[PDB]
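The structure under discussion appears below in the form of structure tokens.
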Amino acid sequence: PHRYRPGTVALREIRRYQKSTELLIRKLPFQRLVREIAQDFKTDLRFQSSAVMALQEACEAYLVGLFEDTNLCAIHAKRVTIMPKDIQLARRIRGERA
Amino acid sequence: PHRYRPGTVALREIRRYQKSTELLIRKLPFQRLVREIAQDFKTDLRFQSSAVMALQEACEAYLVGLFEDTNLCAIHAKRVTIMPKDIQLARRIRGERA
Amino acid sequence: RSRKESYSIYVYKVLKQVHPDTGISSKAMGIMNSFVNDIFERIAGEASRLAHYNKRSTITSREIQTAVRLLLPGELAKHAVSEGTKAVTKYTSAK
Amino acid sequence: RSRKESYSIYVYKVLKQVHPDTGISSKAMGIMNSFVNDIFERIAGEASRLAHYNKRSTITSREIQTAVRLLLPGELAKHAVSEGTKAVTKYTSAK
Amino acid sequence: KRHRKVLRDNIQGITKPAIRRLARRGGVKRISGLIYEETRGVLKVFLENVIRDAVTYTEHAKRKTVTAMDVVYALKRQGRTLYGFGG
Amino acid sequence: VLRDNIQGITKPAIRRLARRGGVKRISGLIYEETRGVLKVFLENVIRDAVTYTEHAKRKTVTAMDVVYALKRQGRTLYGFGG
Amino acid sequence: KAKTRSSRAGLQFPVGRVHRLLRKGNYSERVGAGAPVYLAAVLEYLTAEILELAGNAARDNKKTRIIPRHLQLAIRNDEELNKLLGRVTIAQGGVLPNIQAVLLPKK
Amino acid sequence: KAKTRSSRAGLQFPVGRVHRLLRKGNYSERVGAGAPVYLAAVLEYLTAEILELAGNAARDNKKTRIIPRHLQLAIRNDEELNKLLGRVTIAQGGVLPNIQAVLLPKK
DNA sequence: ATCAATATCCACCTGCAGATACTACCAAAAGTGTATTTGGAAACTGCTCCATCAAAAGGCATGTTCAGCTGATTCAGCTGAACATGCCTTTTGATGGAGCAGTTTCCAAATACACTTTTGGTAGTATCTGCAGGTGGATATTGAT
DNA sequence: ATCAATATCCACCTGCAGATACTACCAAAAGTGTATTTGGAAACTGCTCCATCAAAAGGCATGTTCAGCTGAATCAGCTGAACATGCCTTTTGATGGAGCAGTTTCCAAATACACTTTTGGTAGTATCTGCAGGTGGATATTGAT
Ligand SMILES: [Cl-]
Ligand SMILES: [Cl-]
Ligand SMILES: [Mn+2]
Ligand SMILES: [Mn+2]
Ligand SMILES: [Mn+2]
Ligand SMILES: [Mn+2]
Ligand SMILES: [Mn+2]
């Protein structure tokens, strides 16, 4: 009953996802989240389907980029594990919460 | 013979310099450096007095801000001493390079 | 010798309404001028984009209002909007 | 059904000049269209500002040129400036 | 008539595996258990900000439908220029 | 006693900037690192300033040339016009 | 006979000048009559808000003349103004007193 | 003998179109005759630069059709295009393969 | 704990750099009265957004198990901080001219007009053909022993 | 260093989606010359204000000493990775309905335009005075003992 060691499959996944371009969040749940948030600003809105897809492409690219910065913050602290404090430092230095 | 401990004067200077607004680089050497760099783009240039001063205000405000972010990166790695790698992380996450 | 316009007369007048016994240095006044010109440009630029996106040739107070909502943080925007609307009302209700 | 214009035609001509046997997906073409629109606005914006800063009411090829030098990095600026200068010189002399 | 079903708690549709996948694309090898909730909060802030601006353009235009272009202009305003959806 | 102009940005002056930035303790390698960063900053801003100078057919860099440079570099400065 | 548009709108800021700056800035082909009024009032409002807080900072430091320092203290201590002006440098402003906790001595 | 201004200037990109976009964009009162020529040329040059590199990435991946991924690989592997487009997201572009060295196994 | 050395605070002074106040003249705002432009009001499209639902794969949730990472401990050796001086660089102030910027001039060049020609974007169709995704099947890679 | 389990790779094969490619066009653009106005390059000066430059004056380059920081080596507890198992949702593909973007025509309002009347705002300068430090002395902080 064989087993890959901790880290091996994580590396395999890094290679797989850095090679591909498909969106990583499921479509319908993301769509519901957009509609919920927008509905809290303004009732009775409709969305072009491409508007939702534009939002998803932007959200994902933003989060991927943030994780890259976060990873660099963890490594700077001599860790390999990302923590909330890494995300917070990344955001602070980016001026999203300076 | 009297002696303040490592860190006591450093804290004093932080308090002193954070209270004040005077420029902290001497004027003439800054002016020279500005003229030198400018000479590579166009020869025989003059500068208004206010041009050099705008440059020095901008440059010092930038460096002070960068030292704040640098300090946060040192502290993130459980140090109190800023190092080149801290400046380098801060610049990377700012998008100023890499 | 040509005329170099600025907002300093008006900044000074607003200073006296708000703090009648308070003055302002020349440097502080230059910062206030920079401030007014910056926000002018931000608001006018957003309004211009808004008109262009809606294929309109005209910037009205409605483009200024929406620009203010896009550019100012919450509470600032609310009061700016109410001040803007008040001034336009006063200006219309004035033979 | 009203006409929605794009740079597609011209992007595709340039593609065939550089890579005769290479095609392009419509999504890729959407990207190229965004890119051209984006660079147009950036250059036109810098040119507008530059003309205003010098109290000129005309955007000439000299404003476009300086805008290009302000916006593009090193080598791309050099080569863009040559291709722009050469298109104008040719255009002027080709009348 | 019918009236839309109540939307609530849809931030949880941003699941732990979807967040791990995004982290993997970002080069991340190991992920603290607290990351998932922190990421949902960051995502919500980002989406709220961009949707707020998009809806502002929708309302300014007097439409009830958020277009791709409303989103593209909102993202541009936000210094997050996106190519591939018009403009 | 000739010395490089960049070195006229001295250890004590860099130390003062750091202090205003809230820094308590500084590695010896910071001084040269900071000089490199300062030079890149000055290069980028001066290049744009001089590009505006040249465009206005001038031989004098104005405060406004610097102000416009700083603005397009995302370093907007208040107090020197514009 | 001739009344200023500012005085009609109840403003210190110059409605006429704002109108002209809108015309000659190539923002649009046309400019509605309300637009300069609205814009002038917004700019006045924001100016009043900063001078109010800067005046208070001058008062706190036993001073009657507003300097750049007082503008910086006003702006950076106010969450909304700090955000509006997050990418702006106030010449001769300095910074807020702020020392990270871990740098403080113990005993 | 109606000649296009593009043909006169030696360009694939549309000079007339660019002239009109500059006019309708409220950039300035007037637009010089050289301006749209110089600008169409620059835009053409940059699109050739991108398509050359993207076609290469397509060929490298044994493909005949350029897709957004090839555009992303071209832009992000070129120092200058990466800087020009540093604040732009290419939809369906993905990222460059890149694993920080410390994360690889062993010693 | 003491005791002292040095930093820090506060009240008071006062000359002057740098404010506020005053004045006249003129650019540019506002008043008047045509002359263009525009952006909803109404009145219709067709599109596309919504919702619905059925089938089924595919990814999600959960529990178990343990590898190896984080963070605590301790510590030695290294490195920056503190500190006392005289030389060197900076700063301060005043001289000559480089060039800004003010001003008028006039023509090459731009706008506006209103015609003619051409294109590019379409809807309609056909029509091909690059490649997604699936199958073997050969070949690394990993981890245990 | 061997071998076994399993992920990887690669090259073929289909049947479409999506791309290319015609029409066959035709509405909107673009562009062809006239009539027309005018922006700004050019050439001249004068007066700021900038580079220089030499005297006055106050930071910094320096070497030594040791406080306490960093980074190393070790270890334990616990997190978070991996994977097996069960099954809930999202994905996919339609149906039908209608909400609403997107056009087109009147034009009554709303701007722009050309002219003229006036005045607010600038820029010279004339005064006025907030406060930058300078003093004196009292107290708090720091660090040794
Ligand atoms: Cl209006
Ligand atoms: Cl031109
Ligand atoms: Mn080729
Ligand atoms: Mn006391
Ligand atoms: Mn189970
Ligand atoms: Mn409608
Ligand atoms: Mn005092």
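Each chain gets a letter, A, B and so on, in the order the sequences are listed, and its residues count up from 1.
For the pair E:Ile19/E:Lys16, no side-chain contact is recorded, criterion being any heavy-atom separation below 4.5 Å from C-beta on.
Taking 4.0 angstrom as the limit, C:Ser57 places a side-chain polar atom (N or O) nearer than this to OP1 or OP2 of I:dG39. The shortest distance between the side-chain N/O atoms of F:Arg58 and the OP1/OP2 oxygens of I:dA98 is not below 4.0 Å. Taking only side-chain nitrogens and oxygens, E:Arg4 comes nearer than 4.0 Å to OP1 or OP2 of I:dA51. One finds a side-chain N or O of E:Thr65 lying less than 4.0 angstrom from the OP1 or OP2 phosphate oxygen of J:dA101. Between G:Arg23 and J:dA112 there is a side-chain polar atom (N or O) within less than 4.0 angstrom of OP1 or OP2. Residue H:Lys3 places no side-chain N or O under 4.0 Å from the OP1 or OP2 atom of J:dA30. A sub-4.0 Å separation between OP1 or OP2 of I:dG143 and a side-chain N or O of A:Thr8 is present. In terms of phosphate contacts, B:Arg46 brings no side-chain nitrogen or oxygen within less than 4.0 Å of OP1 or OP2 of J:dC49. The shortest distance between the side-chain N/O atoms of A:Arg12 and the OP1/OP2 oxygens of J:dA7 is not below 4.0 Å. Considering only side-chain N and O atoms, A:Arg26 lies nowhere under 4.0 angstrom from the phosphate OP1 or OP2 of J:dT89.
Between the side chains of E:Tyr57 and E:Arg63, no donor-acceptor pair is found at a separation under 3.5 Å.
Relative to the six-membered ring of A:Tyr4, A:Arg12 meets both conditions, a distance below 6.0 Å and an angle of at most 45° to the axis.
If you find the closest nucleotide of DNA chain J to B:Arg15 and to G:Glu29, the one lying nearer the 5' end belongs to G:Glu29. With DNA chain J read from its 5' end, the first of the two nearest nucleotides for C:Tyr7 and H:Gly16 is the one closest to H:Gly16.
Within 4.0 Å (heavy atoms only), H:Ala33 reaches sugar-phosphate atoms of the nucleic acid but no base atom.
Axis deviation across the helix from I:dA1-J:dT145 to I:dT145-J:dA1 amounts to 120°, comparing end segments of five pairs, rounded to 10 degrees.
Checked by distance alone, A:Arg3 brings a side-chain donor or acceptor within 3.5 Å of a matching partner on the base of J:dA82. At a cut-off of 3.5 angstrom, counting only N and O atoms as typed in the model, there is a donor on one side and an acceptor on the other between the side-chain of G:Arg30 and the base of J:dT111.
Distances were taken from every side-chain heavy atom of D:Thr58 (C-beta onward) to each of I:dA110, I:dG40, I:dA67; the shortest belongs to I:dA110.
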Solution key, residues 74-82 of chain A side-chain donor-acceptor pairs under 3.5 Å, sequence neighbours excluded:
from, atom 1, to, atom 2, distance (Å)
A:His76, NE2, B:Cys73, O, 3.0
A:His76, NE2, B:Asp86, OD1, 2.8
A:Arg79, NH1, A:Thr81, O, 2.8
A:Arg79, NH1, A:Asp86, OD2, 2.8
A:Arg79, NH2, A:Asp86, OD1, 2.9
A:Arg79, NH2, A:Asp86, OD2, 3.4
A:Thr81, OG1, E:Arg30, NH1, 2.8

